[PDB]
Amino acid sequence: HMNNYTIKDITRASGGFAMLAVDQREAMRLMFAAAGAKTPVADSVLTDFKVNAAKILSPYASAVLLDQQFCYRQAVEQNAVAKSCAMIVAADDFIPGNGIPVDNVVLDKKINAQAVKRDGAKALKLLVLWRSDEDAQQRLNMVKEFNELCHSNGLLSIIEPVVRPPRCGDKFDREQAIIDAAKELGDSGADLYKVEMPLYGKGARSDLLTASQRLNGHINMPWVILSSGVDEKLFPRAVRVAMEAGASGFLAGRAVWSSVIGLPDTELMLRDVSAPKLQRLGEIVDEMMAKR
């Protein structure tokens, strides 16, 4: 008999999600180059930063998201993940194209779900790129195969729809695309929906709330906000507003650790600069869960 993990296994005791992403791959290599690291940036620079981020920040997170390419095995072998923090393993295969590192994404066929479970993983995660002029059924079929990979192995399924401009045309409304992706994928049988924040978290709180309530109405599973595209200083308000609209927390990377890339004394910087940001987000999640 299979004892599946449950969403409670990746939440704070409150039931809110306060989750850390360090699974960025070639996108993280480009961030090191942009911050002034010697090029070419060696794989070990990414591995060392990811494992240090997990070691120093995972005590503040209900779950951490790791990639097999650069850090899952290293984090497990080095006991970097706090025992209070669940492990999520990326199961997406990023395909570069058109001058960006993630132009297409397919399910990573190399992942051994039983083996990552034996190492302590509770969940897998799949980025789904959404475009108005690409076939919805191909996206749904990938999410169905992913759900089956997770559920047949007693793991949770986390999907992350991310909107992109159409392959052809200049008819792109990012705010409508986020809604349309949720109309398509918001009831797709995953355990958790990781979504972009409306309006990049910018502008009047009341307008962010209206936009977040509109999104909530199309998601029939628990949902959390991601930080890509949101200034680190606006992300705490984004979490408060999204949770007022019905979200259950956050799964964030850049808004926690991007600002320390290129500084001296990386471990001190992760403790003094990144950790207080992640701690505050956790406190906001508990405050919002207490109001239900």
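Residue indices: 1-based, along the sequence shown.
Going by the B-factors listed in the PDB entry, is the mean over the C-alpha atoms higher for 198-206 or for 87-95? Comparing averages over the C-alpha atoms only gives 198-206.
Would you tell me which stretch averages the higher CA B-factor in the PDB entry, 108-116 or 145-153? Between 108-116 and 145-153, it is 108-116.
So among 53, 66, 224, 34, who wins on Cα B-factor in the entry? Of the candidates given, the C-alpha B-factor peaks at 34.
Highest Cα B-factor in the PDB entry belongs to which of 125, 218, 164, 122? Of 125, 218, 164, 122, 218 has the highest C-alpha B-factor.
Of the three thirds of its chain by CA temperature factor, lowest, middle or highest, which one includes residue 232? Lowest third.
For residue 264, the third of its chain into which the C-alpha B factor falls: For residue 264, the deposited C-alpha B-factor lands in the middle third.
Rank-wise, by C-alpha B-factor, drop residue 40 into the lowest, middle or highest third of its chain. According to the entry, residue 40 has a C-alpha B-factor in the chain's highest third.
Looking at the entry's B-factor column for C-alpha atoms only, identify whether residue 168 ranks in the lowest, middle or highest third of its chain. It falls in the top third of the chain.
Quick one: classify residue 159 as lowest, middle or highest third of the chain based on its Cα B-factor. As the PDB entry reports it, the C-alpha B-factor of residue 159 lands in the lowest third of its chain.
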